[PDB]
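Take a look at the structure set out below.
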């Protein structure tokens, strides 16, 4: 009961191993989430899993 689809609209650049890196248009999903502070998804472009900036990605 959670096959929604998300999309990134900002070309972010992972500076550390805490998050990943995706460009505007990449496709990702909300595998999970903590509460208030970035989220967690798996970029389907390269398959890199890591935290994502919630203030940069959004649902569509």
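Residue numbers (full-length UniProt numbering): 8466 to 8525.
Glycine included, C-beta positions come from ideal geometry on N, C-alpha and C.
Check	Outcome
According to DSSP, is residue 8487 part of a helix, a strand, or is it coil?	coil
The beta strand (DSSP E) spanning residue 8514 covers which residue range?	8514-8517
Counting only the same chain and skipping the five closest in sequence on each side, list residues whose C-beta sits under 7 Å from that of residue 8483.	8515 and 8516
Would you mind reading off the limits of the beta strand (DSSP E) that contains residue 8502?	No beta strand (DSSP E) contains residue 8502, which DSSP labels as neither H nor E.
From the DSSP output, in three-state form, read off residue 8522 for me.	strand
For residue 8493, name the three-state secondary structure that DSSP assigns.	strand
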